[PDB]
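**Student:** sequence below, structure please.
(3 chains, ligands or ions: 16)
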Amino acid sequence: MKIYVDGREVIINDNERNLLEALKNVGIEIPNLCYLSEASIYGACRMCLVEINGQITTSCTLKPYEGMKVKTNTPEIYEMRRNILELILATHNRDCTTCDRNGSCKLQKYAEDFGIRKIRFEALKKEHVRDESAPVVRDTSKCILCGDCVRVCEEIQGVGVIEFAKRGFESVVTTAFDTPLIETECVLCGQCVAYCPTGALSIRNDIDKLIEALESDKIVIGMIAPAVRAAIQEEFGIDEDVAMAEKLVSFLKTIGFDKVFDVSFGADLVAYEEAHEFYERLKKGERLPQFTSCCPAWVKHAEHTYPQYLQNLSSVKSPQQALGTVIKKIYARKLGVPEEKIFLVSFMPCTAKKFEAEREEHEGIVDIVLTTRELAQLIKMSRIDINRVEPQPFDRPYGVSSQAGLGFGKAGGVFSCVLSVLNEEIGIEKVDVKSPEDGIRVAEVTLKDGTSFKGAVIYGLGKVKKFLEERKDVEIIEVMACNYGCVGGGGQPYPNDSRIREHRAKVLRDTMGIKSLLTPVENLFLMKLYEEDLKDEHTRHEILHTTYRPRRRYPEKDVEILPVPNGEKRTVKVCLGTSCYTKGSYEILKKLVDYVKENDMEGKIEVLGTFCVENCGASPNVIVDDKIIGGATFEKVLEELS
Amino acid sequence: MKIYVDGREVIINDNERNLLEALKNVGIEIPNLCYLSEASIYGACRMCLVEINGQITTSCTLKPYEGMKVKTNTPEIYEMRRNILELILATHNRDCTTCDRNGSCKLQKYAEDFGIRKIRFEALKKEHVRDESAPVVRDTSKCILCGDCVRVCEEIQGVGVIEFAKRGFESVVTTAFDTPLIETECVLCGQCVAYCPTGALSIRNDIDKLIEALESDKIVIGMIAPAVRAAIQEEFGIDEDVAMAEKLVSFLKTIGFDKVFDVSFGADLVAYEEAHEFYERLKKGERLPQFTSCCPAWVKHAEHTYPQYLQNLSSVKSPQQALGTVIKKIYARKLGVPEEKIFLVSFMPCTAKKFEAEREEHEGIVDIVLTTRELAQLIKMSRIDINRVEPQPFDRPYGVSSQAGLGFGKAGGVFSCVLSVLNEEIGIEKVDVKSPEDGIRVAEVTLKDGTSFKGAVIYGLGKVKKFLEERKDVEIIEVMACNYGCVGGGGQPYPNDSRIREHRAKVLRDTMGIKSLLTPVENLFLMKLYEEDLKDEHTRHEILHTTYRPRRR
Amino acid sequence: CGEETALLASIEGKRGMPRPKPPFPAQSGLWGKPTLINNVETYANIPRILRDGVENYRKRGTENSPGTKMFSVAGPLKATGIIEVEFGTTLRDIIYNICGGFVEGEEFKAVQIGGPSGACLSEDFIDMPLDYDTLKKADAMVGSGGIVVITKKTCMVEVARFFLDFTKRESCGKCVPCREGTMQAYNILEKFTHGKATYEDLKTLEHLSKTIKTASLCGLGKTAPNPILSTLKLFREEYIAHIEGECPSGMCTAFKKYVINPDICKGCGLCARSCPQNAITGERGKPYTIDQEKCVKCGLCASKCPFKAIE
Ligand SMILES: Cc1cc2nc3c(=O)[nH]c(=O)nc-3n(C[C@H](O)[C@H](O)[C@H](O)COP(=O)(O)O)c2cc1C
Ligand code: SF4
Ligand code: SF4
Ligand code: SF4
Ligand code: SF4
Ligand code: SF4
Ligand code: SF4
Ligand code: SF4
Ligand code: SF4
Ligand code: SF4
Ligand code: SF4
Ligand code: SF4
Ligand code: FES
Ligand code: FES
Ligand code: FES
Ligand SMILES: [Zn+2]
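**Tutor:** Residues are numbered from 1 along each chain as shown, chains lettered A, B, ... in the order given. Ligands and ions are numbered 1, 2, ... in the order given. Now the structure:
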């Protein structure tokens, strides 16, 4: 198919969906703000205008036909594109210095290229939302309403906690009822942040806490995640690099870290514990299928969605928490220093690890969790050429790890580590792996004696629902909330598309390749840790095991008429349903409001409104001290209030 | 010199002014906000702190000695650096989308790198000053008070119209009594803009007008300055092309330009006229020394500082105005169209050309003037790969020019072209070029029939005062406000330091090397213009000659 | 202009901007020529030394601080004026014997010895010989020679606020740390004196003070946070009292007032619970009005107001 673009012959392609993609394939770029990530769609920006047969139209929704004359640049199109960009920028929160997309924002680059220097339109005010209650921070004033986060959370993650609300100028992507993200069913996977093209979705930066801790007199101890070393090299515009972890150790020691350890040691320890737990479960044939607990996002998702499977979750805690507890409870004693003196810093690729470190079951173990981007910011502040940094090994005794432990950084890592542990303890006759779908892999494993099981590896949350509904022929399931495992975590460098994730997995595989010891048992420091410290089962359980509790919303969210922020009060709630409204409810409410208008100088009385209390056909209902009255009237609510 | 940095071995040069420079030369980089341009000085940002003998100190004012141990990065230094950056950002006007330094701002890059996502310091209210009266736009809300613009204006340009006022938190770089720039003695050379590291000093953008005109029914005609084609490549991060002007012609035609002309034709015209008038002046020896008037910034500087030399200025208008007048007074007639139907667009490397186009003498000839950065912005808007564009020639009959005409883009262009015209008409025996100093060149020129005369080329405003005071034996003086000529104009792509301007000059020289026509006389379109429309001396005066008046507040 | 480089710049007819000191003024001062700069009292001492013998001059003072020092004493005292005391005289002697104690009804809380660049001293340091070396190894200094006594009816947070206001005004605006940090610290101190402070504000003030002290170009910025540091070290309790209440000395609250901010007041209860005088009498649901007639300025309303509006 040959076409004419601005008057020159161009050969695009045989079959193409739209003119925009065909020209992009050729190498002819049309400015647009729709193609922003892998979860992008076409039709909203309206900036791809082209002229054909006189009339202007969008090129993303125009089918290319042979012998078509298209003019991609006319004064009318320049005027329209600049008008659209000015419209976007008029209501956009233009503070790029404090923005998380500074220097990697398409809107910022367009503002630079389009020479926009004044806002011809009014910076009209919207009812913006600023959610900072969770490690994932929401600021809708920078939102361009592309909708990528909604599609990511629904179609890719399967949670659907963020959606478009309202319409027109008030259109906003938000949670239900503007509920803080921490209180929703959000698993904090950070994939919406990874796909967001602006600063509307960002990670909570905690560098200030790290700096104030380093400046203090405490002993700062750091541990790096396996997937952090496989992606940090992107931020500096350099290629893959094995030994990245050791030069990271050098830099961290230079900035004042007393000890730097490897979370791969914790991964090996967790794999050992999980292998033995799973073997006991198999030999007893109970609490199956088993679920890995290494992914905090999956753990929170199960707590929200599968309260029945919470007993099937692995009791072993994640490598971060396992290694941190080992440090705080064993290494401190070995060093003769109180636990208050140690500041534990975790360098992770995940935004859900920030939540995990703040869990009520892990209180005070990990002090701060810093994502890969935050570590890159730490490196960039110093201005040292990290490439030129001389590597040095991790500190002992938690610095060495096996190839299986470092495999935790990508999908199929913990299952492979558990398989290696089992094979070493009791050989594996053969493993047969199937690929039912893109992100689902099922392995058929037979042990030497003859006891066999089926283990499944699932990466990318949202694929779990169908597999759990239709498949019941497995005994152990590995769930990773992010596609490709932790190499595509929420806290990884941006952009975070699939090609970059596959390259990160390849880098991690190459790093694994240079590991001599192949299984956790070959890790002598780990066997030493069991021999002198985790000898008895009591301490092992108190150190490496945790408990899980169901999550259910507890929303009262009843109408506030005359609320009292706090203090002993009476909290009178008046039913406002249609049945109760049919006779007296609203008029009684007026009586009480006027009563507290003339009386109730202080917050003794809280005139409040509530919806139907499932007591219809029993006269207007008014709640008192969380008690049912029935047949309510001003005198009755008064006497009860007495 | 053996010094230790973060506990290791580093070899620095023996003679270094300060440790920061030495570390930079060897390869170690230390964050700072003092080294920002060629007119930068140290000691203000205080961000280069290092740990020496247990005491924190700045490395830019530290003398390096043998065997010293410096901790370049420490938690205390981390906290101090972040605190300083946050202090700068708290009062800074953090709106990068509408800033000219967006994407090329050091402060923006540090804000990104340092992870500054909030400001615990209150956004204190400052009596900020915004100015839009002149083509050079001022906005003190983006100023980091580095002082580079003040040094540029005083030491380099010799005007000194902007200077530090007030003190403390109220410190501001401004004009005397916050007077609008267009009302001061500022020559609008735009070198302060060329050196400003932030958006505090910017060029007035005029793309909106251009788009309005292109969308209308007017006949939009563009003309490209010789020096624009030698620098536009930098904005696209691609290598210099010798056929960039033709690619620009193609691109402008694509976006709806009826005609595109080469301002080098106007350069040839102006050189011809100026050479003739200067030769007449030599013949009768009146109004000497003659001063070139192709630089509007120099013209304004003369009007402010040298009211006695106004009659000594060449009456020929600059190539932009000469070519624009020719267009709207001859070409419009030969097309049978009214002048108002035409919208003449000028692409220049200069901010003073914007002021010249708006002067009362030339009002209504050049409709709008756009800098090289604005043309680059247009090309970036289109997203068209300019490197892959098919070049085409400039439109006729003002599309060709000689090497000398295209030489105007660099210092010594008008003088060289005038000497070429003389040689063509009145032969030249020998030229003894001398270089008394960096920015001044004096040449002894002897003609075949007659005596000789000294000619001087002075690029960079500020040298003119000393040259004119000391020297009283030259007959023609050529003054360029910007160092290296128009290649270093204030409207050129950023950054533009000495090395960049030298590279631009070499690109222009390579572009000149490929032109077949050598002298304005050879240019046949110019001779046709003179023998068809500019035949009458009265017409020549009313089409190519302008006047000057003194300026006094 | 008290700075040497700024002094020389001002003598030359320019802005009194100090500069880094690789070329110290002793080697290159006015127009690059060697310049000797000294205080008035040093030049006064010179002739006295030459007229006498060296030992005859050392008879009075200390081995490391020989001679005397002319002081100016201000504040509420029976006698305030210029005094001359031999080096080594304690501050208690100056304040009680030479100055004859305090006027009736006035007590001693602290004393400033060097103005903005000096330091705050308490009763513990009142009895201590005045020597350059001793004060240096006491977290203080002799100062230029100005002494002002601070009584119990004045607030030290207000003192630090006043000194930081002066420094903010006097900063030359050359280097980022002094120019910006002094203004930011002054804003924090204003918040403290208006009951708008928090513990995060105190942490910010401390770290900002350290940054200004270390990173400033010249002595003005370097010693700019000295009042903050000294006053914090000696009256952390007063700072806390301002954070979680009112002024212990009433100085901040003596000439101030409490006003309910109707913008963010939804007319909840409280307020009346604590107020002994019942100076509320608001309209339920609507913003409340504080009755200034019977307001003893106890400050309990601000102590507990979930929607902080007790301005
Ligand atoms: C902000 C500031 C103000 C100063 N004011 C004075 C002053 O008023 N008188 C004075 O003698 N020295 C003053 N100094 C000290 C001078 O900077 C410098 O130390 C002086 O040359 C010392 O003089 P001396 O040797 O006689 O003590 C001041 C220093 C600073 C940093
Ligand atoms: S998203 Fe952030 S970087 Fe991009 S334009 Fe908005 S504020 Fe600037
Ligand atoms: S973090 Fe994950 S679950 Fe939470 S809103 Fe974003 S995509 Fe949805
Ligand atoms: S939050 Fe980000 S991803 Fe979601 S609609 Fe807004 S800009 Fe797009
Ligand atoms: S897969 Fe890895 S990066 Fe993603 S949420 Fe789970 S632990 Fe975090
Ligand atoms: S100077 Fe302009 S680009 Fe740089 S930080 Fe300020 S507003 Fe942003
Ligand atoms: S344009 Fe030139 S003369 Fe005007 S302020 Fe800038 S440097 Fe000075
Ligand atoms: S206007 Fe620009 S060059 Fe001048 S002091 Fe401010 S930031 Fe520096
Ligand atoms: S030298 Fe050229 S760029 Fe500079 S002011 Fe003169 S005409 Fe403009
Ligand atoms: S510390 Fe203050 S007074 Fe000293 S140079 Fe810096 S800004 Fe000026
Ligand atoms: S406690 Fe606060 S919000 Fe409630 S009535 Fe008093 S001032 Fe208003
Ligand atoms: S400050 Fe004290 S006396 Fe005044 S209104 Fe409040 S509670 Fe009553
Ligand atoms: S690409 Fe956005 S509407 Fe066509
Ligand atoms: S409507 Fe009131 S109980 Fe149902
Ligand atoms: S480089 Fe700016 S003060 Fe040292
Ligand atoms: Zn007080």
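**Student:** in the stretch 201-311 of chain C, what residue lies closest to ligand 14?
**Tutor:** residue C:285 (24.1 Å; C-beta to the nearest ligand atom). Any C-beta I mention is one placed from the backbone N, CA and C, and that applies to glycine too.
**Student:** can you get me a residue count around the closest residue to that residue other than its chain neighbours?
**Tutor:** Nearest non-adjacent residue to residue C:285, counting by C-beta to C-beta, 6 or more residues apart in numbering or on different chains: residue C:267, 4.7 Å away. By the measure other C-beta atoms under 10 Å in any protein chain shown, the count of residues near residue C:267 is 15.
**Student:** does residue C:267 belong to a helix, a strand or coil?
**Tutor:** With DSSP: H, G, I helix; E, B strand; the rest coil as the basis, residue C:267 sits in coil.
**Student:** how is the residue of the stretch 451-600 of chain A found nearest chain C assigned, secondary-structure-wise?
**Tutor:** Nearest residue of the stretch 451-600 of chain A to chain C, counting by C-beta to the nearest C-beta: residue A:565, 3.9 Å away. Under three-state DSSP, residue A:565 falls in the coil class.
**Student:** find the nearest non-adjacent residue to it, please.
**Tutor:** Leaving aside its sequence neighbours, residue A:565 sits nearest to residue C:306 (C-beta to C-beta, 6+ apart; 3.9 Å).
**Student:** how about the contacts made by the one you found?
**Tutor:** A:565-566, C:268, C:270 (C-beta atoms under 8 Å, 6 or more residues apart in numbering or on different chains).
**Student:** export the residues you listed to TSV and tack on distance to ligand 3 and neighbour count?
**Tutor:** As requested, these are exported to TSV (distance: C-beta to the nearest ligand atom, whole Å; neighbours: other C-beta atoms under 10 Å in any protein chain shown):
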residue	distance to ligand 3	neighbour count
A:565	30	14
A:566	31	11
C:268	34	22
C:270	37	20
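**Student:** check those against ligand 12, which are close?
**Tutor:** Here nothing survives when the contacts of residue C:306 are matched to ligand 12 using C-beta under 6 Å from any ligand atom.
**Student:** from those residues, which two are the most distant?
**Tutor:** Within those, A:566 and C:268 form the most distant pair, 9.4 Å apart (C-beta to C-beta).
**Student:** switch the contacts of residue C:306 over to CSV; also include distance to residue A:600.
**Tutor:** Formatted as CSV, the contacts of residue C:306 follow (distance: C-beta to C-beta, whole Å):
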residue, distance to residue A:600
A:565, 15
A:566, 16
C:268, 11
C:270, 12
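**Student:** and which of these is nearest to ligand 6?
**Tutor:** Nearest to ligand 6 among the contacts of residue C:306, with distances taken as C-beta to the nearest ligand atom, is residue A:565, at 40.3 Å.
**Student:** follow-up on the earlier one: look up phi and psi at the residue of the stretch 451-600 of chain A closest to chain C.
**Tutor:** Dihedral angles of residue A:565 (phi, psi; degrees, to the nearest 10) stand at phi -60, psi -40.
**Student:** what residues does it make contact with?
**Tutor:** A:603, C:268, C:270, C:306-307.
**Student:** what's the neighbour count on residue A:634?
**Tutor:** Residue A:634 is flanked by 17 other residues according to other C-beta under 10 Å.
**Student:** now the residue lying closest to it once chain neighbours are set aside: which helix or strand?
**Tutor:** The shortest distance from residue A:634 to any non-neighbouring residue, by C-beta to C-beta, 6+ apart, is to residue A:591 (4.1 Å). For residue A:591, the element it lies in under DSSP states H and E is helix A:585-598.
**Student:** which elements pack onto that helix?
**Tutor:** In terms of contacts (3 or more C-beta pairs under 8 Å, 6 or more residues apart in numbering or on different chains; DSSP states H and E), helix A:585-598 is packed against strand A:572-575, strand A:607-610, helix A:634-641.
**Student:** repeat that with 10 Å
**Tutor:** Secondary-structure packing of helix A:585-598 (3 or more C-beta pairs under 10 Å, 6 or more residues apart in numbering or on different chains; DSSP states H and E): strand A:572-575, helix A:578-581, strand A:607-610, strand A:622-623, helix A:634-641.
**Student:** give me the buried positions along the longest one.
**Tutor:** Residues of helix A:634-641 classed as buried by neighbour count (16 or more other C-beta atoms under 10 Å in any protein chain shown): A:634, A:636-637.
**Student:** list the contacts for the residue in the stretch 501-642 of chain A that chain B sits nearest to?
**Tutor:** Closest approach between the stretch 501-642 of chain A and chain B, counting by C-beta to the nearest C-beta: residue A:504, at 22.0 Å. Going by C-beta atoms under 10 Å, 6 or more residues apart in numbering or on different chains, residue A:504 touches A:227, A:229-231, A:233-234, A:240, A:349, A:409-410, A:484-489, A:492-493, A:496.
**Student:** circling back to that earlier point, would JSON lines of the helices and strands packed on helix A:585-598 with distance to ligand 9 be doable?
**Tutor:** Compiled in JSON lines, the helices and strands packed on helix A:585-598 are given as follows (distance: least, C-beta to the nearest ligand atom, whole Å):
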{"stretch": "strand A:572-575", "distance to ligand 9": "76"}
{"stretch": "helix A:578-581", "distance to ligand 9": "78"}
{"stretch": "strand A:607-610", "distance to ligand 9": "72"}
{"stretch": "strand A:622-623", "distance to ligand 9": "80"}
{"stretch": "helix A:634-641", "distance to ligand 9": "84"}
